[PDB]
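Everything below concerns the one structure shown next.
Number of protein chains: 4
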Amino acid sequence: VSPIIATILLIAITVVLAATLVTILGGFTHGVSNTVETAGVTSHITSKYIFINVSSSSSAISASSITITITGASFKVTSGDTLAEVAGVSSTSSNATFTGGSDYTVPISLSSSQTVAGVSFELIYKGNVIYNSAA
Amino acid sequence: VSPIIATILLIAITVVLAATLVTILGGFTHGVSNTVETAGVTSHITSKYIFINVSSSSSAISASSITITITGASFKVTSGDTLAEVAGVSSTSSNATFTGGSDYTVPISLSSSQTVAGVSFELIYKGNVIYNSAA
Amino acid sequence: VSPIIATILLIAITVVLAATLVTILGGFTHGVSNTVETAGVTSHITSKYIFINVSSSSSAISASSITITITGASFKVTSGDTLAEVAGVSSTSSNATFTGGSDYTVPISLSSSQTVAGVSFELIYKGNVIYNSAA
Amino acid sequence: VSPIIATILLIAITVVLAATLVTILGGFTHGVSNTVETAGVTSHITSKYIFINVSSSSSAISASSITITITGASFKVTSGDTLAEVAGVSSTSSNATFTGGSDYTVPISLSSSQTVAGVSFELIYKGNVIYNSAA
Ligand SMILES: *[C@@H]1O[C@H](CO)[C@H](O)[C@H](O[C@@H]2O[C@H](CO)[C@@H](O[C@@H]3O[C@H](CS(=O)(=O)O)[C@H](O)[C@H](O[C@H]4O[C@H](CO[C@H]5O[C@H](CO)[C@@H](O)[C@H](O)[C@@H]5O)[C@@H](O)[C@H](O[C@H]5O[C@H](CO)[C@@H](O)[C@H](O)[C@@H]5O)[C@@H]4O)[C@H]3O[C@@H]3O[C@H]([C@H](O)CO)[C@H](O)[C@H](O)[C@H]3O)[C@H](O)[C@H]2O)[C@H]1O
Ligand SMILES: *[C@@H]1O[C@H](CO)[C@H](O)[C@H](O[C@@H]2O[C@H](CO)[C@@H](O[C@@H]3O[C@H](CS(=O)(=O)O)[C@H](O)[C@H](O[C@H]4O[C@H](CO[C@H]5O[C@H](CO)[C@@H](O)[C@H](O)[C@@H]5O)[C@@H](O)[C@H](O[C@H]5O[C@H](CO)[C@@H](O)[C@H](O)[C@@H]5O)[C@@H]4O)[C@H]3O[C@@H]3O[C@H]([C@H](O)CO)[C@H](O)[C@H](O)[C@H]3O)[C@H](O)[C@H]2O)[C@H]1O
Ligand SMILES: *[C@@H]1O[C@H](CO)[C@H](O)[C@H](O[C@@H]2O[C@H](CO)[C@@H](O[C@@H]3O[C@H](CS(=O)(=O)O)[C@H](O)[C@H](O[C@H]4O[C@H](CO[C@H]5O[C@H](CO)[C@@H](O)[C@H](O)[C@@H]5O)[C@@H](O)[C@H](O[C@H]5O[C@H](CO)[C@@H](O)[C@H](O)[C@@H]5O)[C@@H]4O)[C@H]3O[C@@H]3O[C@H]([C@H](O)CO)[C@H](O)[C@H](O)[C@H]3O)[C@H](O)[C@H]2O)[C@H]1O
Ligand SMILES: *[C@@H]1O[C@H](CO)[C@H](O)[C@H](O[C@@H]2O[C@H](CO)[C@@H](O[C@@H]3O[C@H](CS(=O)(=O)O)[C@H](O)[C@H](O[C@H]4O[C@H](CO[C@H]5O[C@H](CO)[C@@H](O)[C@H](O)[C@@H]5O)[C@@H](O)[C@H](O[C@H]5O[C@H](CO)[C@@H](O)[C@H](O)[C@@H]5O)[C@@H]4O)[C@H]3O[C@@H]3O[C@H]([C@H](O)CO)[C@H](O)[C@H](O)[C@H]3O)[C@H](O)[C@H]2O)[C@H]1O
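For the protein sequence lines, the chains are D, A, C and B, in the order given. FYI, the numbering for the first sequence is 12 to 146, going by the authors' numbering. FYI, the numbering for the second sequence is 12 to 146, going by the authors' numbering. FYI, the numbering for the third sequence is 12 to 146, going by the authors' numbering. FYI, the numbering for the fourth sequence is 12 to 146, going by the authors' numbering.
Next up, the structure:
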């Protein structure tokens, strides 16, 4: 009798270990994707505007998917921080897509202590910095 | 009579062995998880401040989850040693999340014998070193 | 008596499981081989002929092992689709081996609607495309 | 009586099988180690001498741990075949360690039929070839 019953108990234990292992593996098999992007970007800064002109990019991406951050100044548009939003890009505009041939104008404001030589900005896509004016 | 009674005793013993084995296995089936993280980090050190600028990361993580340690100097903030805490990160601040585009300034103090060339620091997340200024 | 007999039955069952497992593994341990090839190839297309000139290759291979496919035109030789066959390569010919210094001429025919600008072709070896005129 | 006695016999058999298995495993769990080495080496050969100049190495190793073999010629030193030995390296010599900046001169002899164009040699460390003059 007993060697067969002991075998049935060990099969029952084996299934629970396998089910446990499957939940451990689930912590590895997610959140990996191709996030690399690369663009030819040029820029000019003034007391009122930042100009951004794109010459080429690795892929064509929406101007709403790009986040812009700034230091030494402030945006004149206050709703948020996507490139499409601060640049005033309408959905019909040519500049709705970030690719070679797209140009943007961002309006900015300086305090009494701030100066043009102190201003810099960065463009971020999928958590990677794709441009930095102070490089 | 006796061969059946001996069989009943062996079943009773078998259950206690199986119950014992289950408690042995419990020492293996815990504390395994995916703790790997990887970031593009750059840094500059001065007699008053450490600057830390992040360009990309493997995942988006809270600045309170990262621990910072220092040698050759001391922090001007004394409450603890999380990155959010020593850098003075408010909960509304852009720099509340550690990702590309996040920048931090940490204020520090040197003794009469300490010098800038002697200072170094490390960032630790889930018990792994993710950055070391002296690498 | 019975604990020994139960043990003999469990050995008999164990052998059949092991024999079963061996037949499962046989579905993995076949059909893996090094099929990569790479060649410097140049080509010119006309209303009557395709010219193919080889400058180098990763290995020396038989012209009968290479398959050619065409669109926008048709071959003047109708027996099949190996490179040796459609190019009229005799077994004594220098061009029997695909390597640097081997040249081939393939004769072709166009319909009333087909034109030279529409023609393209590919070379295939061991199920991989090694050249494509429209790349 | 008998089901308990049969159980005691099966425990005695189980221990001998486990002890047998332990001796099988001992044939796998030995003789695995990191034996890889890699060096920038340059060499020049003449009718009387081989010159060997080292520019870099993966690790710093003793010149007595390296074995040299030769064809088309013979060594003027006859005691053995370690690099330190045939090159006449004293224990105080700079060239006692194989690293960037170490240079060696090995004296050789040719027969009436042998010629400089026929000579070649190899350096061997832990059973791997680390340099071969005829590569
Ligand atoms: C992506 O693609 C899109 C689409 O192609 C854009 O090209 C985007 O780049 C943006 O382009 C816009 C348009 O040029 C830029 O916005 C302008 O900034 C200029 C200053 S500039 O020096 O001339 O170059 C102007 O301020 C312009 O606005 C005009 O409108 C102002 C407000 O007028 C509005 O309201 C009145 C009622 O009060 C209405 O009657 C009127 O119809 C209009 O709706 C005027 O004040 C302004 O006059 C003066 O402006 C400046 C001083 O600020 C001065 O320098 C000028 O010489 C001029 O004398 C001018 O007439 C801005 O355009 C937007 O206009 C809207 C308005 O709602 C109409 O849509 C807003 O009200 C803002 O005024 C402004 O956003 C933008 O900066 C670029 O990013 C590409 O990136
Ligand atoms: C993450 O994101 C967050 C949010 O964006 C941060 O950006 C963080 O980086 C931190 O930024 C802060 C803010 O800049 C840094 O803190 C400052 O260090 C500077 C020195 S610096 O050379 O100017 O760059 C200043 O010390 C600044 O403080 C100011 O406040 C001091 C104290 O004033 C306070 O108390 C008085 C009453 O005594 C109040 O009236 C006043 O309103 C204020 O509450 C001033 O002494 C100081 O003057 C002088 O300071 C230095 C000398 O130390 C000198 O170099 C300057 O030129 C100036 O003459 C200045 O006015 C610091 O900011 C914090 O201020 C708080 C205060 O409670 C207000 O919140 C503290 O009291 C500390 O003073 C200080 O923490 C910080 O180092 C960065 O980590 C990103 O990582
Ligand atoms: C790999 O290596 C091999 C070996 O080196 C090859 O080099 C291969 O490349 C191939 O080369 C051959 C040989 O050049 C190419 O085939 C020829 O195409 C030309 C046209 S071209 O403009 O001159 O360049 C010719 O058509 C040539 O054929 C000749 O033969 C024709 C038929 O004659 C045969 O039959 C008669 C009986 O009717 C016999 O008397 C005769 O001896 C022969 O057996 C002739 O019609 C032809 O005359 C005219 O041809 C063309 C018009 O089509 C015209 O442009 C010419 O100016 C000329 O006036 C010419 O005399 C082709 O060669 C092959 O010949 C065989 C024949 O059986 C002998 O072997 C076939 O009958 C075909 O005619 C033809 O396949 C080939 O295209 C290349 O792939 C390398 O890749
Ligand atoms: C690692 O690091 C070590 C330490 O730095 C070495 O540098 C090693 O490289 C070796 O260097 C040695 C030293 O240079 C090389 O050995 C020499 O080969 C030269 C030939 S060469 O063309 O000049 O370059 C010499 O043969 C030299 O020997 C001299 O000694 C000979 C023997 O003299 C000995 O015995 C007499 C008694 O008979 C004593 O009086 C004397 O003091 C000495 O002990 C001489 O014959 C020789 O004269 C002529 O030699 C050659 C012809 O063979 C000729 O070309 C010359 O122009 C010269 O006229 C010369 O004076 C070799 O050095 C070693 O000397 C020992 C001796 O015991 C002293 O230690 C041996 O007897 C051998 O003679 C010889 O091994 C070696 O080849 C390099 O590997 C780095 O790899």
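A virtual CB, placed ideally from N, CA and C, is assigned to each residue, including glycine.
| Item | Value |
| --- | --- |
| Return the CA-CA distance between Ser-122(D) and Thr-57(D), expressed in angstroms with no decimal places. | 14 Å |
| Return the residue from the list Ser-44(C), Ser-66(C) and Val-47(C) that minimises the CA-CA distance to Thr-53(C). | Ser-66(C) |
| Cβ of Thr-116(B) versus every heavy atom of ligand 4: is any distance shorter than 7 Å? | yes |
| Excluding the 5 residues preceding and the 5 following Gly-51(A) in the sequence, name in chain order all residues of the same chain whose CB lies nearer than 6 Å to its CB. | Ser-66 and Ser-67 |
| Is it the case that the Cβ atoms of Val-100(C) and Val-88(C) are separated by a distance below 8 Å? | no |
| Please name the residue or residues paired with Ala-146(A) in a DSSP beta bridge. | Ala-146(A) is not bridged to any residue. |
| Can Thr-116(D) and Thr-40(A) be called in contact, C-beta distance under 8 Å? | no |
| Along the chain, where does the beta strand (DSSP E) containing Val-117(A) start, and where does it finish? | 114-120 |
| When the distance is taken between beta carbons, is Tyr-136(B) closer than 8 Å to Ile-81(B)? | no |
| Taking the alpha-carbon positions, what's the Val-33(B) to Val-26(B) distance? | 11 Å |
| Applying a beta-carbon distance threshold of less than 8 Å, which residues of chain B neighbour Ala-17(A)? | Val-12, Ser-13, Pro-14 and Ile-15 |
| According to DSSP, is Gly-51(A) helix, strand or coil? | strand |
| CB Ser-131(B) to CB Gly-91(B), shorter than 8 Å? | no |
| Using a Cβ-Cβ cut-off of 7 Å (strictly less than) and excluding sequence neighbours within five positions of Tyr-142(D), which residues of its own chain qualify? | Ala-50, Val-52, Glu-133 and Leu-134 |
| Between which two residues does the alpha helix (DSSP H) harbouring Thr-78(A) extend? | No alpha helix (DSSP H) contains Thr-78(A), which is instead part of the beta strand (DSSP E) from 78-82. |
| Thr-93(C) and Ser-75(C) - do their beta-carbons sit closer together than 8 Å? | yes |
| Heavy atom of ligand 1 less than 7 Å from the Cβ of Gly-112(D), yes or no? | no |
| Helix, strand or coil: which one does DSSP assign to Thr-18(B)? | helix |
| At a Cβ threshold of 8 Å, is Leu-21(B) touching chain C? | yes |
| Using 8 Å as the threshold, is the C-beta distance between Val-12(B) and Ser-44(A) below it? | no |
| Check whether the Cβ of residue 151(A) lies closer than 8 Å to any Cβ atom in chain D. | Since the first residue of chain A shown is 12 and the last is 146, residue 151(A) is not available in this structure. |
| Taking 8 Å as the CB-CB cut-off, is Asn-45(D) touching chain A? | no |
| Using a beta-carbon distance below 8 Å, is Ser-70(A) in contact with chain D? | yes |
| Considering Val-97(C), what are the terminal residues of the beta strand (DSSP E) in which it resides? | Taken as a continuous stretch (DSSP letters only), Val-97(C) belongs to no beta strand (DSSP E), being part of the alpha helix (DSSP H) at 94-97. |
| Just curious, the beta strand (DSSP E) that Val-130(C) is in, first and last residue? | Premise fails: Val-130(C) is in no beta strand (DSSP E) and is neither H nor E. |
| Please classify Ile-35(C) as buried or exposed, where buried requires at least 16 other C-beta atoms within 10 Å of its C-beta. | exposed |
| Just tell me which of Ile-79(D), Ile-16(D) and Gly-111(D) has its CA closest to the CA of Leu-21(C). | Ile-16(D) |
| How long is the line joining the alpha carbons of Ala-29(D) and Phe-62(A), rounded to whole angstroms? | 47 Å |
| Which one of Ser-102(D), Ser-120(D) and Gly-42(D) has the shortest CA to CA distance from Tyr-60(D)? | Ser-120(D) |
| Leaving out the 5 sequence neighbours to the left and right, which residues in its chain are closer than 6 Å to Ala-145(D) when beta-carbon positions are compared? | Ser-131 |
| Is the closest heavy atom of ligand 3 to the C-beta of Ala-84(C) under 7 Å? | no |
| For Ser-102(B) and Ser-69(B), what's the separation of their Cα atoms in angstroms? | 22 Å |
| May I ask you to report which of helix, strand or coil DSSP gives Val-26(C)? | helix |
| Assign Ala-95(C) to one of two classes, buried (16 or more other C-beta atoms within 10 Å of its C-beta) or exposed (fewer than that). | buried |
| If contact means a Cβ-Cβ distance below 7 Å, which residues of the region 45-62 of chain D contact chain A? | none |
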